[PDB]
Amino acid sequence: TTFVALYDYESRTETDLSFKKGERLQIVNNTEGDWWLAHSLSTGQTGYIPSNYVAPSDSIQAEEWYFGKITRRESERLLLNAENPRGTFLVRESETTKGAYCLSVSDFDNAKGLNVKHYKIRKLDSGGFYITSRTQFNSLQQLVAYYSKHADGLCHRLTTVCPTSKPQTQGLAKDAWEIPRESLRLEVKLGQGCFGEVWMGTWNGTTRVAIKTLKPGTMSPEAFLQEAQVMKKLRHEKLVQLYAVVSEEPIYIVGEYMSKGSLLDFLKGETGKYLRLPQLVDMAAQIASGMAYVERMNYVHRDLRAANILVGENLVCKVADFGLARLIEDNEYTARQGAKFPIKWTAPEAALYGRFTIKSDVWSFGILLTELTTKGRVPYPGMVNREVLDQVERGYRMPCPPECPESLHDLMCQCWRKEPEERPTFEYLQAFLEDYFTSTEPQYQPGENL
């Protein structure tokens, strides 16, 4: 019945409970969602703890080299990290077959370079596990530990577990949502948006958080609080998580600190100098993927653009500032006008009829796509805002960009089809981008290579 600490965890409040990886915890009250009241067996202290920080004793989730339900694409992301010596591996669930697992390993080919081989693990009726018929085990752990000593036909011996970062605790603490202003100390100014400022800071003198400040009058607090309610329900691997908020003006928005900055910025300068088509595409698919969930959630971003796409380690992309624009009270902006409204990204029907839907966002993504293929080049190069709606209204569209493959320009076009619902879905854009270069995310090794 005991739980085991997958990671360490510092005490943030007067009411939570610190611990070390490996530390056993009695889950003495599971009657919550993201924070469990627990009691430490070693120390014996009692307090709240972040659920995604533990797993059951003897469970598979207890295993540090088990990644759960991650996509092959994602793990490959992780594994391919340069610092990872050959043989860095992980064990996740196969998506192709329900129940089966997959052992992914980094390898190096003198003639192919670094890469990751995948080996499906089949579990027999018996209950056995095995990659190859001539060697099965009773637990993934016996399998793993085995290949940890002997390669045995695998592309290489499983040297090192795949290193990952402490994950995000949903929220700063239990019930924590509308936190006192004084609990945030703004440290570093990170950017100056049109309606506010964004700072790297600390909540309760322990946590690394990102805070957004909004100039007063910007938006109705009550409305904000209401919208925040909705936002707060959107959890996605490719969406910048929301943590807590300061409702009274100057309203504050406290979320995940993304080191690598805005994808726009990053796209230009040296950061995006050795950026190749294959990497750009990936960023796009990550974005699609995020937008895909907004779509399934039946939500609307209303301000999608490179500038609202943040970067993370391993070239990870997360969508930000979703919603907020719909709360902007600035007159001109409400009328989709003025020097502060991102018109060049706005779908016509949205500029003209304020009809903001997912389909308008698909338009936006289209533009964003060109940003990707042109190192953050402001779109509609030869047009000042004022004449853009006009032009696009009449059917004008940015031609295929320099060095952008036509297929991507055609994607773009599909995103700009005058008819909102002729424009493709994110679920689609996600699939399309996810397999450009003859790689449908399939192909696992056979068995004994030797």
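Counting begins at 1, following the sequence as shown.
Trainee: Would you mind comparing 197-205 and 286-294 for me and telling me which has the higher average C-alpha temperature factor in the entry?
Mentor: Mean B over CA atoms: larger for 197-205.
Trainee: According to the deposited model, is the average Cα temperature factor higher in 115-123 or in 275-283?
Mentor: It is 115-123.
Trainee: Based on the PDB record, which member of 363, 257, 224, 356 exhibits the highest Cα temperature factor?
Mentor: Comparing C-alpha B-factors across 363, 257, 224, 356, the maximum falls on 224.
Trainee: Among 328, 316, 351, 78, which residue carries the highest C-alpha B-factor recorded in the PDB entry?
Mentor: Most elevated C-alpha B-factor of the set, per the entry: 328.
Trainee: Which third, lowest, middle or highest, does the C-alpha temperature factor of residue 373 belong to within its own chain?
Mentor: Ranked within chain, residue 373 CA B lands in the lowest tercile.
Trainee: Can you tell me whether residue 16 has a C-alpha B-factor in the lowest, middle or highest third compared with the other modelled residues of the same chain?
Mentor: Within its chain, residue 16 is a middle-third residue by C-alpha B-factor, going by the deposited values.
Trainee: Using the B-factor values recorded in the entry, state whether the Cα atom of residue 88 falls in the lowest, middle or highest third among the modelled residues of its chain.
Mentor: Bottom third by C-alpha B-factor.
Trainee: By its CA B factor, does residue 171 count among the lowest, middle or highest third of the modelled residues in the chain?
Mentor: According to the entry, residue 171 has a C-alpha B-factor in the chain's middle third.
Trainee: Could you look up the Cα B-factor of residue 427 in the entry and say which third of the chain it sits in: lowest, middle or highest?
Mentor: Bottom third by C-alpha B-factor.
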